[PDB]
Amino acid sequence: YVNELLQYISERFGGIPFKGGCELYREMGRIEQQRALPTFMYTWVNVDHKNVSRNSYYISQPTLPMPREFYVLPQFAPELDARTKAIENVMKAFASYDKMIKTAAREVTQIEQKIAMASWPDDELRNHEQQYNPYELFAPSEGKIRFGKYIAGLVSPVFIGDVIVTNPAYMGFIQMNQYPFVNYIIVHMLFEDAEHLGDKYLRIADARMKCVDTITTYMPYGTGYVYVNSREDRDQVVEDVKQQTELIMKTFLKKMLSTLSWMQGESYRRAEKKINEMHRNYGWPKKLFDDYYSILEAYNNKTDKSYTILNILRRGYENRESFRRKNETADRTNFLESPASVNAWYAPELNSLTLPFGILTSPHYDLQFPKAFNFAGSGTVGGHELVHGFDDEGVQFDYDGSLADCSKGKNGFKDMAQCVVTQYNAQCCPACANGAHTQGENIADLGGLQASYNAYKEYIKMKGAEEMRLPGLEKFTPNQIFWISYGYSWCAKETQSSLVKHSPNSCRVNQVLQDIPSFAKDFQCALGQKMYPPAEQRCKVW
Amino acid sequence: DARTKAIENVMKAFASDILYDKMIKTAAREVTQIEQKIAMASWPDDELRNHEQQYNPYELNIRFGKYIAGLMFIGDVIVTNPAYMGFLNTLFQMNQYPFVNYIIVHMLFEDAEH
Amino acid sequence: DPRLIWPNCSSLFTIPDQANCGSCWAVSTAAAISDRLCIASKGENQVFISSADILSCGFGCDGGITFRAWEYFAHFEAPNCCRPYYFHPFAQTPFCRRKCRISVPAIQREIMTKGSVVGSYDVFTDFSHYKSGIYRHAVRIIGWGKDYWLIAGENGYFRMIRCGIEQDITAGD
């Protein structure tokens, strides 16, 4: 790789200490498109939910800095003081008057509360069916006091194009109250751009690790292309994982009505098909390998070593790239995120199952390792996610991406889930981790693993030879090691501060191990034991 | 949907008296999803303890009519849910039809046994 | 013509930037102020100023007052300038925002000494029907020619003979 420049940025409003009524959004929209700093709206933009041939805006509540709406139940907010100090920049920035600064710090909280108490705690944020509310500036102008004047912050626009105010709860709103915003907003901006400031305040927060990661969510495909077309023979691992996943997804389908309980004939046929018409994607996009065309995707990104300006620019891109996508036409091969994050994803908005080359790798996978593994790794995660498209979230979006409540069966489903609910709710890790909240991803914990086993069973039976106990240890079984590996993925020494600050892992292993009695047996151990319960053996939801 | 069924059945049993035998089967869904809005913005309970919070005062937000008359220089009316008592303002000549639709069915549902 | 008199500056050679706006006089007053400011060092400091910003800072798009605009002192979406127009070339009025975002004989005499100025008029439909040449039955004046006065349609320019066209100007600084 100090303050003055961005000071002009700050002085693009006026500051804390000592005005005609500003369109707080215009400030926002600017700040978003210029820093990717969501306030008063997280607004991701893509495929419509229920008329998809197109794209759209999902203007919505923020996602709060303080993780979880914890603006209700204990008074465990010292961000009060992670605030005063981290805002003491000024009398070191350009000034020399604390009482203000304090009260205003308390305030930039007290608003924050006055937000969280109006978003939707995740529990309610299941049935997208009620998120969806198509509006166009006509209708908001009729609804409220500025949207139009905002949207210029984001290339002839499609203002008219169906926009959605996911949460038509906007609490509707003066001197001592207006500028509290601009405080909060600026609190925030500087609060996570202290880096460029003088080496002092950065304090309040590996080199290559942190760096490349910043990239790894900013110019996504770059590092991707580097990785893939750099270090391995695409064809090889891709052609393997193709059939591998295909195995999983298949037997997972086999976990169908025939297998399942809470379902029904046509509900089956449909959800089955939802699978049937569902997509893959591995490693690279369909593009990425006349070899420039990727350098077309990431084209625009100016290069000049001729860092402050740098980062700010790069964010400018990441999102600007996200939105030049707006006005073209909707695909169904969306590569959400940079193909180096070690996790699949499945965006039920559209329908997709992309898996990253960056996972076509260690413990999650390898080429010449026992298959127990290559089902517990890549295999697991494959299924671990794929489940979603039958959760109480998947039901919503059809095969092709729309709203028809794919499946009655529901009552059965929810009731059965309540098993899962209590299950997590009565087995504490630290000294808990209340279950009712994390239901969804919890269910996939089961579903994916259930499948990936049932597959590995099937595969290995097709040969009947791989067993071949492991050199480092005869002791173990060609089967057990499967569970061992899966429950080795989540080997994660979560240090305890981090534990108290998905679900907490140790739970995920223990619990979702319970419910597959197949395990309890195949691990030789007597039943009646605190790994396996009696007759209500298993919340058989798959 | 039980709430639904019962709502339509109230206004039905009403429909005994004539002093349109289907449209009720819409007015129903209207008032239901109205419940849903009210709730889905109202405040659940546990969070009803920050008396610190629910105190912000307002005296003499937009869409208001005296409406105090309909109850009978006043002090500062205090409004315990900036959230809520806003959320009405975003929820307002056609309006009268489905909004009054609700207050009836509600008021009716009050004393069925009578 | 002032363009031939001073070629250094390139302010005169401009048009409007407001599809549906009623601050034509205000936009013309800002353009005339930049032309009068160019006489200082003969265009050495030929730079533009918040025109649309100061305009809002009548009822914006409902009347005008050149005189008031001149007393207030004391391009289409251009990144160069700190403040730019708010009308993507059936519209709303804008609020204040001071945040750099990144006697015909005596008239001609004063117009030749100071420079171009605003020129209020009735602004009839007949003017719109005109294309080029000595047109006849708000805008700012540029110079004189042969006898008629210049204004800036006909690629920006729109000269007229010399309805209160030469009636409504004063000065200040």
# chains A, B, ... in the order shown; residues from 1 in each chain; ligands from 1
$ interface_residues --of "chain A" --to "chain C" --cutoff "12 Å" --atoms "only C-alpha atoms" --output "JSON, numbers by chain"
{"A": [5, 6, 7, 8, 9, 10, 11, 12, 13, 14, 15, 19, 20, 21, 22, 23, 24, 26, 27, 30, 31, 34, 141, 146, 148, 149, 152, 155, 156, 157]}
$ residues_around --residues "residue 101 of chain B" --least-positions-apart "5" --cutoff "10 Å" --atoms "only C-alpha atoms" --output "PyMOL selection string"
chain B and resi 27-28+30-31+95-96+106
$ closest_residue --among "C:53, C:147, C:1, C:110" --to "residue 82 of chain C" --atoms "only C-alpha atoms"
C:53
$ interface_residues --of "chain B" --to "chain A" --cutoff "12 Å" --atoms "only C-alpha atoms" --output "PDB file with N, CA and C atoms, in the first residue's frame"
ATOM      1  N   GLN B  33     -56.443 -12.741   5.010  1.00  0.00           N
ATOM      2  CA  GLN B  33     -55.117 -12.208   4.760  1.00  0.00           C
ATOM      3  C   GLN B  33     -54.966 -10.858   5.436  1.00  0.00           C
ATOM      4  N   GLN B  36     -53.595 -11.727   8.632  1.00  0.00           N
ATOM      5  CA  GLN B  36     -52.199 -12.045   8.434  1.00  0.00           C
ATOM      6  C   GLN B  36     -51.348 -10.796   8.415  1.00  0.00           C
ATOM      7  N   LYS B  37     -51.790  -9.747   7.729  1.00  0.00           N
ATOM      8  CA  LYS B  37     -50.975  -8.534   7.717  1.00  0.00           C
ATOM      9  C   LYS B  37     -50.850  -7.965   9.113  1.00  0.00           C
ATOM     10  N   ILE B  38     -51.987  -7.769   9.775  1.00  0.00           N
ATOM     11  CA  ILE B  38     -51.951  -7.187  11.106  1.00  0.00           C
ATOM     12  C   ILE B  38     -50.927  -7.915  11.943  1.00  0.00           C
ATOM     13  N   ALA B  39     -51.129  -9.210  12.100  1.00  0.00           N
ATOM     14  CA  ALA B  39     -50.192  -9.985  12.886  1.00  0.00           C
ATOM     15  C   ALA B  39     -48.780  -9.767  12.385  1.00  0.00           C
ATOM     16  N   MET B  40     -48.528 -10.111  11.127  1.00  0.00           N
ATOM     17  CA  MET B  40     -47.175 -10.227  10.613  1.00  0.00           C
ATOM     18  C   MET B  40     -46.442  -8.917  10.718  1.00  0.00           C
ATOM     19  N   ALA B  41     -47.126  -7.873  11.153  1.00  0.00           N
ATOM     20  CA  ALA B  41     -46.397  -6.683  11.544  1.00  0.00           C
ATOM     21  C   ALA B  41     -46.520  -6.353  13.008  1.00  0.00           C
ATOM     22  N   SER B  42     -47.526  -6.860  13.677  1.00  0.00           N
ATOM     23  CA  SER B  42     -47.698  -6.554  15.071  1.00  0.00           C
ATOM     24  C   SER B  42     -46.536  -7.082  15.875  1.00  0.00           C
ATOM     25  N   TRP B  43     -46.571  -6.841  17.173  1.00  0.00           N
ATOM     26  CA  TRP B  43     -45.396  -7.382  17.851  1.00  0.00           C
ATOM     27  C   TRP B  43     -45.737  -8.617  18.668  1.00  0.00           C
ATOM     28  N   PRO B  44     -45.071  -9.709  18.432  1.00  0.00           N
ATOM     29  CA  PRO B  44     -45.150 -10.836  19.349  1.00  0.00           C
ATOM     30  C   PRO B  44     -44.763 -10.468  20.758  1.00  0.00           C
ATOM     31  N   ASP B  45     -44.926 -11.387  21.703  1.00  0.00           N
ATOM     32  CA  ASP B  45     -44.991 -10.982  23.101  1.00  0.00           C
ATOM     33  C   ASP B  45     -43.634 -10.648  23.697  1.00  0.00           C
ATOM     34  N   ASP B  46     -42.762 -11.643  23.825  1.00  0.00           N
ATOM     35  CA  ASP B  46     -41.609 -11.558  24.714  1.00  0.00           C
ATOM     36  C   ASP B  46     -40.952 -10.203  24.641  1.00  0.00           C
ATOM     37  N   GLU B  47     -40.866  -9.684  23.439  1.00  0.00           N
ATOM     38  CA  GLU B  47     -40.318  -8.375  23.171  1.00  0.00           C
ATOM     39  C   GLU B  47     -41.166  -7.264  23.742  1.00  0.00           C
ATOM     40  N   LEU B  48     -42.234  -7.578  24.466  1.00  0.00           N
ATOM     41  CA  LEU B  48     -43.035  -6.543  25.108  1.00  0.00           C
ATOM     42  C   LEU B  48     -42.559  -6.310  26.535  1.00  0.00           C
ATOM     43  N   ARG B  49     -41.300  -5.968  26.659  1.00  0.00           N
ATOM     44  CA  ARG B  49     -40.783  -5.640  27.964  1.00  0.00           C
ATOM     45  C   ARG B  49     -39.928  -4.402  27.993  1.00  0.00           C
ATOM     46  N   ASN B  50     -39.421  -3.939  26.864  1.00  0.00           N
ATOM     47  CA  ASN B  50     -38.616  -2.731  26.872  1.00  0.00           C
ATOM     48  C   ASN B  50     -39.499  -1.502  27.040  1.00  0.00           C
ATOM     49  N   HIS B  51     -40.146  -1.410  28.198  1.00  0.00           N
ATOM     50  CA  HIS B  51     -40.896  -0.201  28.466  1.00  0.00           C
ATOM     51  C   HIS B  51     -40.064   1.012  28.157  1.00  0.00           C
ATOM     52  N   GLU B  52     -38.755   0.903  28.318  1.00  0.00           N
ATOM     53  CA  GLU B  52     -37.871   1.888  27.727  1.00  0.00           C
ATOM     54  C   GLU B  52     -38.348   2.213  26.321  1.00  0.00           C
ATOM     55  N   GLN B  53     -38.605   1.200  25.512  1.00  0.00           N
ATOM     56  CA  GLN B  53     -38.926   1.488  24.125  1.00  0.00           C
ATOM     57  C   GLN B  53     -40.338   1.995  23.971  1.00  0.00           C
ATOM     58  N   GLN B  54     -41.316   1.193  24.323  1.00  0.00           N
ATOM     59  CA  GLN B  54     -42.614   1.437  23.732  1.00  0.00           C
ATOM     60  C   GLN B  54     -43.234   2.674  24.329  1.00  0.00           C
ATOM     61  N   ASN B  56     -42.293   6.193  22.970  1.00  0.00           N
ATOM     62  CA  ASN B  56     -42.139   7.356  22.123  1.00  0.00           C
ATOM     63  C   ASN B  56     -43.450   8.113  21.974  1.00  0.00           C
ATOM     64  N   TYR B  58     -46.195  11.030  20.558  1.00  0.00           N
ATOM     65  CA  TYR B  58     -46.614  11.751  19.367  1.00  0.00           C
ATOM     66  C   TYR B  58     -47.799  12.630  19.716  1.00  0.00           C
ATOM     67  N   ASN B  61     -45.586  10.661  10.422  1.00  0.00           N
ATOM     68  CA  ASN B  61     -46.746   9.820  10.177  1.00  0.00           C
ATOM     69  C   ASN B  61     -47.832  10.645   9.541  1.00  0.00           C
ATOM     70  N   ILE B  62     -48.692  10.005   8.760  1.00  0.00           N
ATOM     71  CA  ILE B  62     -49.569  10.778   7.899  1.00  0.00           C
ATOM     72  C   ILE B  62     -51.039  10.487   8.064  1.00  0.00           C
ATOM     73  N   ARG B  63     -51.449   9.291   7.693  1.00  0.00           N
ATOM     74  CA  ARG B  63     -52.821   9.207   7.237  1.00  0.00           C
ATOM     75  C   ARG B  63     -53.752   9.016   8.418  1.00  0.00           C
ATOM     76  N   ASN B  81     -46.124   1.404  19.368  1.00  0.00           N
ATOM     77  CA  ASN B  81     -45.517   0.616  18.311  1.00  0.00           C
ATOM     78  C   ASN B  81     -45.303   1.454  17.075  1.00  0.00           C
ATOM     79  N   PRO B  82     -44.370   2.342  17.118  1.00  0.00           N
ATOM     80  CA  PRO B  82     -43.920   3.029  15.921  1.00  0.00           C
ATOM     81  C   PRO B  82     -43.987   2.110  14.753  1.00  0.00           C
ATOM     82  N   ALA B  83     -43.517   0.898  14.960  1.00  0.00           N
ATOM     83  CA  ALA B  83     -43.712  -0.134  13.969  1.00  0.00           C
ATOM     84  C   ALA B  83     -45.176  -0.256  13.631  1.00  0.00           C
ATOM     85  N   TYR B  84     -45.999  -0.626  14.592  1.00  0.00           N
ATOM     86  CA  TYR B  84     -47.360  -0.877  14.184  1.00  0.00           C
ATOM     87  C   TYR B  84     -48.007   0.378  13.664  1.00  0.00           C
ATOM     88  N   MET B  85     -48.227   1.351  14.533  1.00  0.00           N
ATOM     89  CA  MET B  85     -49.005   2.510  14.131  1.00  0.00           C
ATOM     90  C   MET B  85     -48.386   3.210  12.954  1.00  0.00           C
ATOM     91  N   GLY B  86     -47.214   2.800  12.564  1.00  0.00           N
ATOM     92  CA  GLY B  86     -46.971   3.139  11.204  1.00  0.00           C
ATOM     93  C   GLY B  86     -47.686   2.233  10.271  1.00  0.00           C
ATOM     94  N   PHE B  87     -47.510   0.939  10.454  1.00  0.00           N
ATOM     95  CA  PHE B  87     -47.961  -0.012   9.460  1.00  0.00           C
ATOM     96  C   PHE B  87     -49.403   0.174   9.047  1.00  0.00           C
ATOM     97  N   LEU B  88     -50.204   0.847   9.832  1.00  0.00           N
ATOM     98  CA  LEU B  88     -51.469   1.233   9.270  1.00  0.00           C
ATOM     99  C   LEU B  88     -51.274   2.190   8.122  1.00  0.00           C
ATOM    100  N   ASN B  89     -50.385   3.151   8.279  1.00  0.00           N
ATOM    101  CA  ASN B  89     -50.286   4.191   7.282  1.00  0.00           C
ATOM    102  C   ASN B  89     -49.947   3.674   5.914  1.00  0.00           C
ATOM    103  N   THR B  90     -49.228   2.579   5.819  1.00  0.00           N
ATOM    104  CA  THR B  90     -48.961   2.002   4.523  1.00  0.00           C
ATOM    105  C   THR B  90     -50.095   1.125   4.062  1.00  0.00           C
ATOM    106  N   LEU B  91     -51.100   0.930   4.889  1.00  0.00           N
ATOM    107  CA  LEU B  91     -52.174   0.023   4.548  1.00  0.00           C
ATOM    108  C   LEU B  91     -53.438   0.755   4.187  1.00  0.00           C
ATOM    109  N   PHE B  92     -53.319   2.012   3.825  1.00  0.00           N
ATOM    110  CA  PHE B  92     -54.458   2.762   3.393  1.00  0.00           C
ATOM    111  C   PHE B  92     -54.185   3.340   2.009  1.00  0.00           C
TER     112      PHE B  92
END
$ select_by_dssp --residues "segment 7-171 of chain C" --states "alpha helix (DSSP H)" --output "JSON, numbers by chain"
{"C": [24, 25, 26, 27, 28, 29, 30, 31, 32, 33, 34, 35, 36, 37, 52, 53, 54, 55, 56, 66, 67, 68, 69, 70, 71, 72, 104, 105, 106, 107, 108, 109, 110, 111, 112, 113, 125, 126, 127, 128, 129]}
$ residues_around --residues "residue 7 of chain B" --least-positions-apart "2" --cutoff "8 Å" --atoms "only C-alpha atoms" --output "ChimeraX atom specification"
/B:3-5,9-11,28,105,109
$ residues_around --residues "segment 213-226 of chain A" --least-positions-apart "3" --cutoff "7 Å" --atoms "only C-alpha atoms" --output "compact mmCIF listing (two decimals) with N, CA, C and O atoms, in the first residue's frame"
# COMPACT_ATOMS: atom_id res chain seq x y z
N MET A 209 -4.02 -15.14 3.15
CA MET A 209 -5.35 -15.69 3.39
C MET A 209 -6.39 -14.60 3.29
O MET A 209 -7.26 -14.62 2.41
N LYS A 210 -6.32 -13.64 4.20
CA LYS A 210 -7.27 -12.54 4.22
C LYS A 210 -7.38 -11.90 2.85
O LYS A 210 -8.48 -11.64 2.34
N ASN A 229 -8.24 -23.70 -14.61
CA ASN A 229 -7.44 -23.84 -15.80
C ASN A 229 -5.98 -23.70 -15.50
O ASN A 229 -5.17 -23.59 -16.42
N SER A 230 -5.63 -23.69 -14.22
CA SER A 230 -4.25 -23.71 -13.83
C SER A 230 -3.80 -25.10 -13.40
O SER A 230 -2.85 -25.65 -13.97
N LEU A 288 -15.65 -20.33 -19.80
CA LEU A 288 -14.38 -20.41 -19.11
C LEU A 288 -13.45 -21.43 -19.76
O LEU A 288 -12.28 -21.47 -19.39
N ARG A 314 -12.84 -2.30 -6.93
CA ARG A 314 -13.15 -3.68 -7.20
C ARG A 314 -14.55 -4.01 -6.71
O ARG A 314 -15.33 -4.62 -7.45
N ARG A 315 -14.92 -3.54 -5.53
CA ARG A 315 -16.30 -3.68 -5.08
C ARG A 315 -17.25 -3.06 -6.08
O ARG A 315 -18.25 -3.68 -6.50
N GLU A 318 -17.69 -5.82 -8.45
CA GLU A 318 -18.41 -7.04 -8.08
C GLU A 318 -19.90 -6.82 -8.19
O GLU A 318 -20.62 -7.55 -8.89
N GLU A 337 -21.54 -18.07 -6.90
CA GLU A 337 -20.38 -17.55 -6.21
C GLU A 337 -19.10 -18.14 -6.77
O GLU A 337 -19.12 -19.05 -7.60
N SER A 338 -17.99 -17.59 -6.32
CA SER A 338 -16.69 -17.83 -6.93
C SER A 338 -16.26 -19.27 -6.82
O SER A 338 -16.05 -19.75 -5.70
N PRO A 339 -16.02 -19.94 -7.89
CA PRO A 339 -15.70 -21.36 -7.79
C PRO A 339 -14.37 -21.59 -7.12
O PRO A 339 -13.46 -22.18 -7.69
N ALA A 340 -14.26 -21.10 -5.90
CA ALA A 340 -13.27 -21.60 -4.98
C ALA A 340 -13.77 -21.70 -3.56
O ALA A 340 -13.02 -22.14 -2.70
$ select_by_dssp --residues "chain C" --states "strand (DSSP E or B)" --output "PyMOL selection string"
chain C and resi 118-119+135+139-145+148-151+154+157+160-161
$ write_last_selection --atoms "N, CA, C and O atoms" --output "compact mmCIF listing (two decimals), in the first residue's frame"
# COMPACT_ATOMS: atom_id res chain seq x y z
N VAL C 118 -29.50 37.08 -19.71
CA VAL C 118 -30.84 36.45 -19.84
C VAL C 118 -31.77 37.42 -20.58
O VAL C 118 -31.50 38.64 -20.54
N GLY C 119 -32.82 36.89 -21.23
CA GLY C 119 -33.80 37.68 -21.99
C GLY C 119 -35.21 37.11 -21.85
O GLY C 119 -35.56 36.22 -22.65
N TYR C 135 -36.39 35.09 -37.23
CA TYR C 135 -37.72 34.61 -36.75
C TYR C 135 -38.45 35.76 -36.05
O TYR C 135 -37.79 36.70 -35.58
N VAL C 139 -34.97 32.50 -22.72
CA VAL C 139 -33.65 32.22 -23.36
C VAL C 139 -32.67 33.35 -23.00
O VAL C 139 -33.11 34.34 -22.39
N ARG C 140 -31.40 33.19 -23.38
CA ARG C 140 -30.32 34.19 -23.13
C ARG C 140 -29.76 34.67 -24.47
O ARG C 140 -29.77 33.87 -25.43
N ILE C 141 -29.28 35.92 -24.53
CA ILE C 141 -28.71 36.55 -25.75
C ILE C 141 -27.21 36.24 -25.81
O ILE C 141 -26.61 35.98 -24.75
N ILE C 142 -26.63 36.25 -27.02
CA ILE C 142 -25.19 35.96 -27.27
C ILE C 142 -24.52 37.22 -27.83
O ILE C 142 -23.60 37.74 -27.17
N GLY C 143 -24.96 37.69 -29.01
CA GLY C 143 -24.42 38.89 -29.68
C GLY C 143 -25.44 39.51 -30.62
O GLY C 143 -26.65 39.31 -30.39
N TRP C 144 -24.97 40.24 -31.64
CA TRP C 144 -25.81 40.92 -32.66
C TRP C 144 -25.23 40.70 -34.06
O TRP C 144 -24.03 40.35 -34.15
N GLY C 145 -26.05 40.89 -35.10
CA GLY C 145 -25.66 40.72 -36.51
C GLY C 145 -26.59 41.46 -37.44
O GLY C 145 -27.51 42.14 -36.94
N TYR C 148 -30.42 42.29 -36.06
CA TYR C 148 -31.11 41.33 -35.15
C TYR C 148 -30.13 40.88 -34.05
O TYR C 148 -28.91 41.08 -34.21
N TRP C 149 -30.67 40.29 -32.98
CA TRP C 149 -29.89 39.78 -31.82
C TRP C 149 -29.90 38.24 -31.83
O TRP C 149 -30.87 37.66 -32.35
N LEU C 150 -28.85 37.62 -31.29
CA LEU C 150 -28.69 36.14 -31.22
C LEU C 150 -29.23 35.63 -29.88
O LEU C 150 -29.27 36.43 -28.92
N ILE C 151 -29.64 34.36 -29.83
CA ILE C 151 -30.20 33.70 -28.61
C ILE C 151 -29.91 32.19 -28.69
O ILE C 151 -29.77 31.68 -29.82
N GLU C 154 -32.82 25.78 -33.76
CA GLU C 154 -31.89 25.79 -34.92
C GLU C 154 -30.49 25.40 -34.44
O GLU C 154 -29.59 26.27 -34.47
N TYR C 157 -28.87 27.70 -31.44
CA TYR C 157 -29.05 29.13 -31.78
C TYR C 157 -30.49 29.39 -32.24
O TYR C 157 -31.15 28.46 -32.74
N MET C 160 -33.45 36.60 -33.29
CA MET C 160 -34.75 37.31 -33.43
C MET C 160 -34.49 38.79 -33.69
O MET C 160 -33.38 39.26 -33.37
N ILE C 161 -35.48 39.50 -34.25
CA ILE C 161 -35.41 40.95 -34.59
C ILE C 161 -35.38 41.77 -33.29
O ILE C 161 -35.93 41.30 -32.28
$ residues_around --residues "residue 63 of chain C" --least-positions-apart "4" --cutoff "12 Å" --atoms "only C-alpha atoms" --output "short mmCIF file (atom, residue, chain, number, x, y, z; two decimals) with N, CA and C atoms, in the first residue's frame"
data_model
loop_
_atom_site.label_atom_id
_atom_site.label_comp_id
_atom_site.auth_asym_id
_atom_site.auth_seq_id
_atom_site.Cartn_x
_atom_site.Cartn_y
_atom_site.Cartn_z
N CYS C 21 -39.16 20.28 -17.82
CA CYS C 21 -38.78 21.21 -16.72
C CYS C 21 -39.30 22.62 -17.02
N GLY C 22 -39.47 23.44 -15.99
CA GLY C 22 -39.97 24.83 -16.09
C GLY C 22 -38.98 25.83 -15.50
N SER C 23 -37.69 25.48 -15.49
CA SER C 23 -36.58 26.31 -14.96
C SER C 23 -35.63 26.70 -16.10
N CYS C 24 -36.18 26.88 -17.30
CA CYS C 24 -35.44 27.26 -18.54
C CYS C 24 -34.67 28.57 -18.29
N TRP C 25 -35.32 29.54 -17.66
CA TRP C 25 -34.75 30.88 -17.32
C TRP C 25 -33.58 30.70 -16.35
N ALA C 26 -33.74 29.83 -15.35
CA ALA C 26 -32.74 29.51 -14.31
C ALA C 26 -31.50 28.88 -14.96
N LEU C 55 -30.12 26.42 -9.04
CA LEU C 55 -31.50 26.67 -9.54
C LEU C 55 -32.52 26.37 -8.44
N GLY C 58 -39.88 31.55 -8.23
CA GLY C 58 -40.88 30.59 -8.74
C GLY C 58 -40.94 29.33 -7.89
N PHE C 59 -41.42 28.22 -8.46
CA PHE C 59 -41.56 26.90 -7.79
C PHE C 59 -40.76 25.85 -8.57
N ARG C 68 -33.83 37.67 -9.73
CA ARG C 68 -33.69 36.96 -8.43
C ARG C 68 -32.50 36.00 -8.50
N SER C 120 -35.98 37.60 -20.87
CA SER C 120 -37.37 37.17 -20.58
C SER C 120 -38.29 37.57 -21.75
N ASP C 122 -42.66 36.42 -23.59
CA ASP C 122 -43.99 35.76 -23.45
C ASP C 122 -43.85 34.27 -23.78
N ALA C 138 -38.16 30.97 -21.72
CA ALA C 138 -37.16 32.06 -21.70
C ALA C 138 -35.85 31.57 -22.33
#
$ atom_distance --atom1 "atom CA of residue 510 of chain A" --atom2 "atom CA of residue 450 of chain A"
14.3 Å
$ closest_residue --among "A:134, A:198, A:412, A:430" --to "residue 540 of chain A" --atoms "only C-alpha atoms"
A:412
$ atom_distance --atom1 "atom CA of residue 417 of chain A" --atom2 "atom CA of residue 391 of chain A"
10.1 Å
$ decode --residues "segment 70-101 of chain C" --atoms "C-alpha atoms" --output "CSV table (one decimal), in the first residue's frame"
chain,number,residue,atom,x,y,z
C,70,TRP,CA,-28.6,37.0,-10.4
C,71,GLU,CA,-29.1,38.2,-6.7
C,72,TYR,CA,-29.0,34.6,-5.5
C,73,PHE,CA,-25.4,34.3,-6.7
C,74,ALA,CA,-24.2,36.5,-3.8
C,75,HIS,CA,-23.9,19.4,-18.3
C,76,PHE,CA,-26.6,16.7,-19.0
C,77,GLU,CA,-25.3,14.2,-16.3
C,78,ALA,CA,-21.6,15.1,-16.6
C,79,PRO,CA,-19.0,13.5,-14.1
C,80,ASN,CA,-16.5,16.3,-14.8
C,81,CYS,CA,-18.5,18.9,-12.8
C,82,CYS,CA,-19.2,18.4,-9.0
C,83,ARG,CA,-23.0,19.0,-9.4
C,84,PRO,CA,-25.0,18.2,-12.5
C,85,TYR,CA,-28.6,18.4,-14.0
C,86,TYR,CA,-31.4,16.1,-12.6
C,87,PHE,CA,-33.5,15.3,-15.8
C,88,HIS,CA,-32.4,12.1,-17.8
C,89,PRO,CA,-32.7,13.7,-21.3
C,90,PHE,CA,-44.1,14.3,-16.4
C,91,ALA,CA,-41.3,15.1,-13.8
C,92,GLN,CA,-40.7,16.1,-10.1
C,93,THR,CA,-39.0,19.2,-8.5
C,94,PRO,CA,-35.6,18.7,-6.8
C,95,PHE,CA,-34.5,19.9,-3.3
C,96,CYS,CA,-31.2,21.5,-2.1
C,97,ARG,CA,-28.0,19.2,-2.0
C,98,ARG,CA,-24.6,21.0,-1.5
C,99,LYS,CA,-22.5,17.8,-1.8
C,100,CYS,CA,-19.9,17.9,-4.7
C,101,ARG,CA,-20.8,14.4,-6.1
